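Here's the structure, in structure tokens; my notes come after.
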Amino acid sequence: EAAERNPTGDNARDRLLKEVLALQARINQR
Amino acid sequence: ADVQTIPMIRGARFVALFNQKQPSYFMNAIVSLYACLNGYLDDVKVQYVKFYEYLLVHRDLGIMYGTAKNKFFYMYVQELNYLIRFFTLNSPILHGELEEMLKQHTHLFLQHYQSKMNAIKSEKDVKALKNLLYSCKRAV
Amino acid sequence: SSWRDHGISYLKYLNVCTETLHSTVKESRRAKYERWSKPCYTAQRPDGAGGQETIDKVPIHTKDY
Amino acid sequence: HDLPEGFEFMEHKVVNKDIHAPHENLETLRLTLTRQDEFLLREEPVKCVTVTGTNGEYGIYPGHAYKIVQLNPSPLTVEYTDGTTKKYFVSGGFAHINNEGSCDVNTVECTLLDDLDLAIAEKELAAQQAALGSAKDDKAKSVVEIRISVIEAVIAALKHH
Amino acid sequence: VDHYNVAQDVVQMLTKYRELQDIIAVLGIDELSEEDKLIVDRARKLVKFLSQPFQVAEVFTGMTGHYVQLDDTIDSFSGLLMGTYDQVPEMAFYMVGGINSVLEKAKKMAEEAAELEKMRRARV
Amino acid sequence: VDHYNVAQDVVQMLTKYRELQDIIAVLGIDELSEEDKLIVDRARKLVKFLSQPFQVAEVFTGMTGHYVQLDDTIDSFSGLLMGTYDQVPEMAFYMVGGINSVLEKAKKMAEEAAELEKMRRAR
Amino acid sequence: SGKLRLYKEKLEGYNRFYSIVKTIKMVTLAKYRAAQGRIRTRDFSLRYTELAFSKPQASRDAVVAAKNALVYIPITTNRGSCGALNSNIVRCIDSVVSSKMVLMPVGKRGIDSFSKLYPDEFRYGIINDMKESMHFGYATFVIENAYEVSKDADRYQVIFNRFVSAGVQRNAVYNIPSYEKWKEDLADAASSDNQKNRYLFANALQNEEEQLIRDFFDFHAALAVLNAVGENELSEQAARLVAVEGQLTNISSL
Ligand SMILES: O=c1ccn([C@@H]2O[C@H](COP(=O)(O)OP(=O)(O)OP(=O)(O)O)[C@@H](O)[C@H]2O)c(=O)[nH]1
């Protein structure tokens with residue numbers, strides 16, 4: 001509670017990895 | 001070449017203790033080998049043997065937590081190297097204090113360090129622990 | 001008949017009946033038939049040490065029923 | 001990803017007759033006698049089959065009503081249209097009778113009555129009787145009673161003929 | 001320090017994989033332990049990942065060359081060692097640059113596989 | 001005659017064990033027949049029973065050496081070949097002298113194993 | 001020299017290995033042929049078992065709908081060198097991962113493979129020594145252990161290998177729902193015009209007592225398990241020949 005009161009390159013890799021995982025999951029579905 | 005028996009539990013830790021980058025002082029090496037030989041590292045994971053040895057040599061957990069009752073036998077007293085070489089570790093003069101120090105160090109290490117090390121899941125903390133262990137491999 | 005009241009299931013009853021029937025077979029043919037009733041199955045779980053801890057959930061032999 | 005079902009590899013399905021259909025006069029019954037996923041007869045045409053169920057004996061002839069029978073350790077007779085009788089002995093199982101002219105008898109163990117012997121049954125019966133008195137508990141008594149009943153049925157089947 | 005640690009880990013993985021290859025080439029992959037299979041998969045991905053198309057060999061490779069930065073290489077190999085890329089196909093690491101190229105190739109392969117699966121399903 | 005027969009039997013058993021080692025490596029000990037498992041056990045005991053601590057290598061080994069009499073060796077190996085010591089633990093034949101030393105080491109092994117079991121029992 | 005003798009010894013060892021593997025191939029082919037007799041005697045025991053349990057159903061609703069334990073009983077071989085059967089079974093299990101999944105695998109390889117991959121979804125495994133013929137008692141043991149693992153289980157999915165031909169070993173599934181769900185479906189088939197193919201079967205079962213119905217359920221479940229293990233053994237022997245042939249080719253190349 002007190003923590004709440006008080007208050008990019010790596011993101012691209014995470015975004016690409018999430019997209020790849022989503023595609024690999026989608027293909028398995030149908 | 002062919003069941004975690006005592007020989008197999010201690011052989012792996014002995015092999016882990018043989019990794020070095022710089023020559024080791026006789027007192028530190030003999031004390032670490034004696035500790036690993038008498039089962040004081042059975043509860044310590046193989047990955048953490050080097051960190052345990054570094055804390056034993058370059059730190060004193062008993063003094064840090066105020067539980068050290070030994071009179072003379074401390075790892076920071078470098079002059080004990082020749083006393084050990086003269087009398088041996090398995091002598092009444094040094095054996096009692098050596099066992100007391102090893103027991104205290106094992107207890108404090110396990111409790112205050114291995115519990116936290118086994119509770120790390122965050123990627124940042126995992127990477128920090130991995131770097132710490134690698135540095136320990138090249139520090140003692 | 002009276003085995004149901006004691007909790008013995010139907011499958012164990014079938015196994016007992018088959019074992020008795022095989023025991024009643026002639027000497028010559030039994031060599032084949034006995035191969036269809038000899039228990040050779042066990043339940044195991046791997047422990048930390050590696051030993052195969054044997055389970056007692058179900059009896060293996062008929063005498064243990 | 002959709003795994004098959006082991007029943008798709010078996011093309012010898014079960015023919016179930018529809019409710020509102022004409023009747024047919026059948027002269028043969030398709031028998032299917034099975035032991036431990038193994039058949040002795042494959043849709044064999046027979047005149048009749050006699051099976052000893054729990055309630056009592058059943059004489060199945062072509063056109064018998066759809067029924068399920070829980071068999072008991074007992075003989076099983078098969079009489080062909082030629083006039084030949086073949087006798088087995090079963091230890092348990094089920095018999096499914098279909099109004100379309102089929103009888104599937106699935107038994108745990110179905111062995112020829114000839115393969116069985118008399119003296120062996122007598123000695124086993126004596127041993128079971130002796131062990132009954134020394135039964136460890138109620139469960140052992142019930143098990144020994146089961147075995148004794150099976151042996152008595154075998155002996156009766158042998159002595160009948 | 002990170003460069004040294006990553007390089008040492010890669011060398012250890014390659015050494016262990018080379019040791020396992022002796023057993024693999026005789027009996028087979030299926031005759032390994034559960035964790036040995038994981039080591040084999042990671043080492044195969046490492047071996048594929050080490051390849052790179054040069055800007056001078058475009059004629060022979062038929063692909064645009066790559067120039068991988070030192071930091072990018074360290075980060076990509078460190079990530080691969082941790083196992084965060086276990087889902088990525090093995091061939092995604094073959095003849096690419098940094099990790100971003102690996103992910104882009106994996107995305108293209110996933111799209112092609114999805115198209116093939118859609119074509120097969122529609123055939124029903 | 002006894003010495004010659006015992007020596008020939010030992011050599012033949014060792015050769016047979018060497019042959020069976022390949023099958024063990026490919027198939028496994030569990031796959032061998034009971035007739036072969038007995039040979040394997042006896043051959044292993046023979047291999048370990050051939051080792052001996054020398055009185056001049058005490059520094060290398062850290063144990064007192066043994067001087068085995070000729071008759072004692074023949075009797076011990078003859079007994080081992082025919083299975084008189086099939087129930088003795090395999091390690092009891094390692095770095096010992098005659099048969100008496102084997103029995104003493106087996107007794108010591110049993111005592112320490114019992115102590116370990118007692119320690120485990122208390123836990 | 002020594003290096004020449006080193007290569008000579010290595011070649012001799014490879015020759016010994018090749019001979020041993022050839023003997024293994026012969027032994028396996030003997031049992032393949034010896035237990036090839038099943039093919040004539042199969043595909044007729046499970047006829048009303050189809051009516052009891054055969055149901056064309058979706059692979060999602062049956063999975064998501066259940067909120068109780070989903071028991072799985074993969075069939076796996078004791079000895080390796082079979083081929084890709086165990087790997088494919090593991091892949092099928094992995095595709096069906098759920099919070100309700102419970103594993104009671106069969107065979108040493110299955111235990112050793114599902115213990116590490118799925119520690120919290122693994123209770124214990126069954127092992128049979130391939131000394132006797134796969135009989136009803138073994139199937140009853142498996143079923144009893146499966147019930148005791150999770151008695152309040154939505155279903156019991158058996159995954160095994162179907163030996164279509166000498167070179168074709170597919171993966172097949174037997175689904176064994178809980179007694180309550182089976183009773184509900186049976187009543188619906190008996191009453192409603194739907195499930196017209198099981199109408200007579202369901203009505204025949206209803207007319208009888210409940211103990212008989214339960215015995216029928218258990219008996220046919222055991223038969224399905226027996227069929228699964230038998231087909232898995234035959235596929236293992238055949239599948240094993242492929243692996244042994246591959247090993248022989250590798251040894252010859254070496
Ligand atoms: O109180 C009862 C009522 C009925 N039942 C059981 O319900 C079933 C009704 O069965 P049916 O009444 O439909 O057939 P059936 O005359 O041919 O009976 P069986 O000779 O084959 O047994 C029979 O199997 C009967 O034994 C009981 O066991 N107890």
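We label chains A, B, ... in the order they appear in the structure tokens, count residues from 1 in each chain, and number ligands from 1 in the order shown.
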
> Which residues form the shell of 6 Å around ligand 1 when you count only C-alpha atoms and all ligand atoms, given as a PyMOL selection string?
Replying inline: (chain D and resi 55) or (chain G and resi 207-209)

So that I have them on file, write out the residues from the current selection with C-alpha atoms, as a PDB file, in the first residue's frame.
```
ATOM      1  CA  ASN D  55     -30.932 -66.010 -12.014  1.00  0.00           C
TER       2      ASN D  55
ATOM      3  CA  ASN G 207     -34.360 -52.996 -16.863  1.00  0.00           C
ATOM      4  CA  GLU G 208     -31.665 -54.777 -14.843  1.00  0.00           C
ATOM      5  CA  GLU G 209     -30.482 -54.038 -11.317  1.00  0.00           C
TER       6      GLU G 209
END
```

What are the closest atom pairs, with distances in Å to one decimal, for each residue of chain B lying within 10 Å of chain E, using only C-alpha atoms, rows by chain and rising residue number, as a Markdown table?
```
| residue | atom | partner | partner_atom | distance |
| --- | --- | --- | --- | --- |
| B:123 | CA | E:82 | CA | 9.8 |
| B:127 | CA | E:82 | CA | 9.4 |
| B:130 | CA | E:5 | CA | 9.4 |
| B:131 | CA | E:2 | CA | 7.9 |
| B:134 | CA | E:5 | CA | 7.3 |
| B:135 | CA | E:1 | CA | 8.6 |
```

> Within 7 Å of chain D, which residues of chain G show up when using only C-alpha atoms, listed as a ChimeraX atom specification?
Replying inline: /G:41-45,47,50,54,59,135-136,172-174,197,204-205,212,227

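Here atom CA of residue 11 of chain G stands at a distance of 15.8 Å from atom CA of residue 247 of chain G.
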
At a cut-off of 8 Å, using only C-alpha atoms, what residues contact segment 24-29 of chain B? Leave out same-chain residues fewer than 6 positions from it and give the result as an mmCIF file with C-alpha atoms, in the first residue's frame.
```
data_model
loop_
_atom_site.group_PDB
_atom_site.id
_atom_site.type_symbol
_atom_site.label_atom_id
_atom_site.label_comp_id
_atom_site.auth_asym_id
_atom_site.auth_seq_id
_atom_site.Cartn_x
_atom_site.Cartn_y
_atom_site.Cartn_z
ATOM 1 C CA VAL B 57 37.259 -17.786 4.409
ATOM 2 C CA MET B 75 39.656 -17.723 9.965
ATOM 3 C CA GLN B 78 46.224 -16.028 9.522
ATOM 4 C CA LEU B 80 46.928 -20.196 12.806
ATOM 5 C CA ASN B 81 48.297 -21.719 9.585
ATOM 6 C CA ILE B 84 47.572 -26.168 12.247
ATOM 7 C CA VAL B 140 38.123 -18.576 -3.727
#
```

>> Residues near residue 3 of chain F, anyone? I mean within 12 Å using only C-alpha atoms, not counting same-chain ones fewer than 6 positions away, as number ranges by chain.
In response: F: 9-10, 70-78

Determine, for each residue of chain A having at least one atom at most 8 Å from an atom of chain E, the closest pair of atoms and their separation in Å to one decimal, counting only C-alpha atoms; order by chain and ascending number, as JSON lines.
```
{"residue": "A:13", "atom": "CA", "partner": "E:100", "partner_atom": "CA", "distance": 6.3}
{"residue": "A:16", "atom": "CA", "partner": "E:103", "partner_atom": "CA", "distance": 6.1}
{"residue": "A:17", "atom": "CA", "partner": "E:103", "partner_atom": "CA", "distance": 6.4}
{"residue": "A:19", "atom": "CA", "partner": "E:107", "partner_atom": "CA", "distance": 7.4}
{"residue": "A:20", "atom": "CA", "partner": "E:107", "partner_atom": "CA", "distance": 5.2}
{"residue": "A:21", "atom": "CA", "partner": "E:87", "partner_atom": "CA", "distance": 7.3}
{"residue": "A:23", "atom": "CA", "partner": "E:110", "partner_atom": "CA", "distance": 6.1}
{"residue": "A:24", "atom": "CA", "partner": "E:110", "partner_atom": "CA", "distance": 6.1}
{"residue": "A:26", "atom": "CA", "partner": "E:114", "partner_atom": "CA", "distance": 7.9}
{"residue": "A:27", "atom": "CA", "partner": "E:114", "partner_atom": "CA", "distance": 5.1}
{"residue": "A:30", "atom": "CA", "partner": "E:118", "partner_atom": "CA", "distance": 7.5}
```

> Hey, what's within 12 Å of residue 54 of chain F if we count only C-alpha atoms and toss same-chain stuff fewer than 6 positions away? As a count of residues only, please?
Replying inline: 12

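For the pair atom CA of residue 88 of chain D and atom CA of residue 219 of chain G, the separation is 20.6 Å.
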
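Shortest separation to chain E among F:13, F:27, F:122, F:43 occurs at residue F:27, atoms counted being only C-alpha atoms.
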
Sorted by chain and rising residue number, which residues of chain F lie within 12 Å of chain B, and what are their closest atom pairs and distances in Å to one decimal, counting only C-alpha atoms, as a Markdown table?
```
| residue | atom | partner | partner_atom | distance |
| --- | --- | --- | --- | --- |
| F:25 | CA | B:2 | CA | 10.9 |
| F:28 | CA | B:2 | CA | 11.6 |
| F:29 | CA | B:2 | CA | 11.8 |
| F:116 | CA | B:6 | CA | 10.9 |
```

Would you write out those residues with N, CA, C and O atoms, as an mmCIF file, in the first residue's frame?
```cif
data_model
loop_
_atom_site.group_PDB
_atom_site.id
_atom_site.type_symbol
_atom_site.label_atom_id
_atom_site.label_comp_id
_atom_site.auth_asym_id
_atom_site.auth_seq_id
_atom_site.Cartn_x
_atom_site.Cartn_y
_atom_site.Cartn_z
ATOM 1 N N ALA F 25 26.980 -54.634 -21.286
ATOM 2 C CA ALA F 25 27.019 -53.252 -21.749
ATOM 3 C C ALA F 25 25.895 -52.970 -22.738
ATOM 4 O O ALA F 25 25.306 -51.883 -22.726
ATOM 5 N N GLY F 28 22.338 -55.410 -20.561
ATOM 6 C CA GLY F 28 22.210 -55.066 -19.160
ATOM 7 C C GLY F 28 22.244 -56.299 -18.282
ATOM 8 O O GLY F 28 21.946 -57.404 -18.743
ATOM 9 N N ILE F 29 22.607 -56.124 -17.010
ATOM 10 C CA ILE F 29 22.725 -57.269 -16.111
ATOM 11 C C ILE F 29 21.372 -57.943 -15.927
ATOM 12 O O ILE F 29 21.285 -59.172 -15.807
ATOM 13 N N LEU F 116 25.056 -47.793 10.821
ATOM 14 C CA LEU F 116 24.367 -46.831 9.966
ATOM 15 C C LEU F 116 22.859 -47.036 10.024
ATOM 16 O O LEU F 116 22.094 -46.067 10.075
#
```

>> Using only C-alpha atoms, which protein or nucleic acid residues come within 8 Å of residue 42 of chain C? Drop anything in the same chain fewer than 4 positions from it, and give the result as a PyMOL selection string.
In response: (chain C and resi 54-55+60) or (chain G and resi 126-128)
